[PDB]
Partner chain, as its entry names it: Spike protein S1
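In structure tokens, one chain follows: the form deposited without its partner chain.
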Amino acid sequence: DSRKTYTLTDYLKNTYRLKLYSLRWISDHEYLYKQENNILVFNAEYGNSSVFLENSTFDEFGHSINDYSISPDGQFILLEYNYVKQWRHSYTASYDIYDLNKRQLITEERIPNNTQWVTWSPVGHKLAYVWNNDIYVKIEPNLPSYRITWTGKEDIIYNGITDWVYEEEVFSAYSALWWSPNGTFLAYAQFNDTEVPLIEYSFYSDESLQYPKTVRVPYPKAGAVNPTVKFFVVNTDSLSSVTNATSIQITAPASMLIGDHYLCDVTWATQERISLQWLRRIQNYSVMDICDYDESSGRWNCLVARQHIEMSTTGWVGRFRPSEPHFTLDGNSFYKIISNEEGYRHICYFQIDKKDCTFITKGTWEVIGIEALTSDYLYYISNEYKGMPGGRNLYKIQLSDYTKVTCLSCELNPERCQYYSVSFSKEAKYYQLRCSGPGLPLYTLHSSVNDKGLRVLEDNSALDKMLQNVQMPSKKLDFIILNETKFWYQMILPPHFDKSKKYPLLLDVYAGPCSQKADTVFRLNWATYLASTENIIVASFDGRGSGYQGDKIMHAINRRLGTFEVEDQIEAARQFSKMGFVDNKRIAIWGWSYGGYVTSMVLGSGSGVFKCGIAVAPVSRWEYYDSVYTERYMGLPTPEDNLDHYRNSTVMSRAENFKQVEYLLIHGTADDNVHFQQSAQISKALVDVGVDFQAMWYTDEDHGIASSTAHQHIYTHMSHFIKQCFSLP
């Protein structure tokens, strides 16, 4: 075989690209899509297309455009430029608006520079935006905006945007605003960061910056003072240019105010109904609150009877946060993924005035998401098929009979497609399926009415040709049985696999609570190269604590972080040499983030099983990470709660055992998420007991070391280390 291999350059220089088919539905039958640099609008029934915005319409604007948003009446286009990243989701941009009819960009009362956030109303053309931490409402794209709040202060009070910890661990968003469907109301949370300690660190910046900057961020580490939250709603119809605006407080429920709480979900039900979810700072108790609007008063009442109590006896509420509720149009009921009696997460029918819910699904598998609700059907993604947790399909359930369920994706392309996800049009007339493994990604449009497939949207046939020229590796997905339970793993095997030759093995890891590293998705990444070019088995394994296989597995790690999930990776490595094609002198292990923490705990176990490891951005000690996440699993680090295991579980206490292995610690110096301090303490520990190891800092890089030059650099560096331990040229 004389074909080239998938090289390190291929991945790094990014030579073989998966084509995507990213669309934005704008109606019930049309969607928007990008071809080169103009925007095409498409008809879902027929396929036909038209130019909407040319890739020269903003030649003369003298500012490079970053994104764009379309008002829910096709009338105006928002243009996002001057983009500046903050955290995972946050940023600041400048914005201009363009009247699509008059072909003209607005000049009077512009959206101010460095805006934190901006979102259209659901109907019409109302904007809202957050700038210097306060909410503003523009009724029409060119009249003066109404200031809704006046409390906004840098690092202290956030109005309608989340703070650091809320952004990352609760909302997965900078945005803290919710319009009502009508567009009449605006609900927003407000966050108070006054007593929250700051993390401080250096940003060295460009060579021209003579003095390094100290970045400071309110960041509550385990057991420290959390942000407080308050919630307000405002009638955007009764807005005066003389009176300030009357915001209306919705207090948390009685059973939340007696201690620290978090606001963890905001979903509108109907024009005059909003549901709120709250979580105790001990995250095993959650309360949902139906808050109805009152005419006579101009206040929002939350009747104590309407509260629905979601709690857990064996661990924490929700996968990461508690599930979203999905409301029937009238608003008197809703479905919501909940953990059942046996422990598996399923769909539950809630009627808004009664206590009990009815389970409309069941069995030893879990529901991933609810995706669409019609009169007749609920559409959901699940891993039911072939009893494979790793897999993802799409199902519909007959509201008239919970027994009648059709699979809609299982049998569509079975050898190529075992992992689906979906986007539905505005009222669910069509749905794009996106398959993303085990074959090359496939994108197809469908019609809800009869479940007819219309056309294939992108098949990666161009990429498929190319890959035939290349000694591509394959993926084995399988399971191994420990303690009478089934745990799943994946191996990326090198091409021309000879099962009687002994191969060196890299165990890729994350293993954070409820994660999944053994799946049916097709990836082109570092592992491929180590399989194609270097002939290394790169295997991943989902052990206790892992996701999508019921609470009995996921909750095994409760308050015991850094125990079973670690232990398990070790036994996983053991069974891999038992299989006979593994060189038990050349087993390595590596991970990023949480994975870097498990990586280090493993090397630090003295199990003689691993020759070397790499840890990128590792958690090193749970009291160093954020409170919301850390506590969710570990409790509080106080002598009465879980201080003792908080101590029994540091990388540092395991320093002496590293004498037996080769270790490469990597960390970005600007890591706001897992602070450089986490590693700074792993290394000091190592130094102190006389252990040699390799380090690499990455200056100004954050948690994802995303910078193009840094990325290439790290995967280069990592590769050398890897080959070196394995004796390859």
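Residue numbers count along the first chain shown, from 1.
A second form of this protein, the form solved in complex with its partner chain, is not displayed here; the remarks below concern that form.
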Notebook entry, point to check: Are 280, 299 and 307 jointly within 4.5 Å of its partner chain in the entry with it bound, each by at least one heavy atom?
Noted result: yes
Notebook entry, point to check: its partner chain isn't shown here, but in the entry with it bound, which of 422-430, 252-260, 371-379, 444-452 has heavy atoms within 4.5 Å of it?
Noted result: 252-260
Margin query: Looking at 120, 81, 285, 178 here, can you tell me which has any non-hydrogen atom within 4.5 angstroms of its partner chain in the entry with it bound?
Written below: 285
Margin query: Which residue, 481, 462, 329, 311, is the contact with its partner chain in the entry with it bound, using a 4.5 Å heavy atom cutoff?
Written below: 311
Note to self: Whether residue 365 contacts its partner chain in the entry with it bound should be assessed with a 4.5 Å heavy atom distance threshold; does it?
What the structure shows: no
Next item on the list: Tell me, yes or no, whether residue 560 is in contact with its partner chain in the entry with it bound, where a contact means a heavy atom of each within 4.5 Å.
Entry: no
Check: Does residue 295 reach its partner chain in the entry with it bound if we count a contact as any heavy atom within 4.5 Å?
Finding: yes
Notebook entry, point to check: Taking the shortest heavy atom distance, is residue 232 within 4.5 Å of its partner chain in the entry with it bound?
Noted result: yes
